[PDB]
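Asker: curious how this folds, go ahead:
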Amino acid sequence: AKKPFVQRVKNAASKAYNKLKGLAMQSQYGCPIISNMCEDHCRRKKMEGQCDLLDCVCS
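Answerer: Numbering: from 1, shown residues only. Here you go, the structure:
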């Protein structure tokens, strides 16, 4: 017989996306009474939450 020899069909590749960061247009200059300090600070961390009359809320 002397059968042949071959078995090279490996690769494994399915991963090239990782972030999970970014708002959805709503916490940007839309609050009633937000301070540039809170807006800038919250924007720097790209954290989105809710706009409070007392200040901005990052979530």
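
Asker: could you use CA atoms for every contact and neighbour count after this?
Answerer: Will do.

Asker: for the chain, just list every one of the helices.
Answerer: Listed in chain order, the helices found in the chain under DSSP state H are 36-44.

Asker: pick out the residue closest to the middle of the protein.
Answerer: Centroid-nearest residue in the chain, with C-alpha atoms, centre = their mean: residue 21, separated by 1.4 Å.

Asker: gap between that one and residue 37?
Answerer: Counting by C-alpha to C-alpha, to the nearest Å, the separation of residue 21 from residue 37 is 21 Å.

Asker: again with residue 24
Answerer: Taken as C-alpha to C-alpha, the span from residue 24 to residue 37 is 21 Å.

Asker: comparing the two, which residue is more hemmed in?
Answerer: A side-by-side neighbour count of residue 24 and residue 37, using other C-alpha atoms under 10 Å, places residue 37 first with 11 against 7.

Asker: any idea how far that one is from residue 27?
Answerer: Taking C-alpha to C-alpha, one finds residue 37 at 14 Å from residue 27.

Asker: again, but for residue 34
Answerer: Taken as C-alpha to C-alpha, the span from residue 34 to residue 27 is 10 Å.

Asker: common neighbours of the two, please.
Answerer: The contact sets of residue 34 and residue 27 overlap at residue 51 (C-alpha atoms under 8 Å, 6 or more residues apart in numbering).

Asker: contacting residues around residue 40?
Answerer: By C-alpha under 8 Å, 6+ apart, residue 40 has no neighbours at all.

Asker: what is the nearest residue to residue 38 once chain neighbours are set aside paired to in the beta sheet?
Answerer: Once flanking residues are discounted, residue 38 sits nearest to residue 56: 5.9 Å by C-alpha to C-alpha, 6 or more residues apart in numbering. Per DSSP bridges, the residues bridged to residue 56 are residue 51.

Asker: can you tell me what sits against stretch 46-54?
Answerer: Contacts for stretch 46-54 (C-alpha under 8 Å, 6+ apart): 21-23, 27, 30-34, 42, 56-59.
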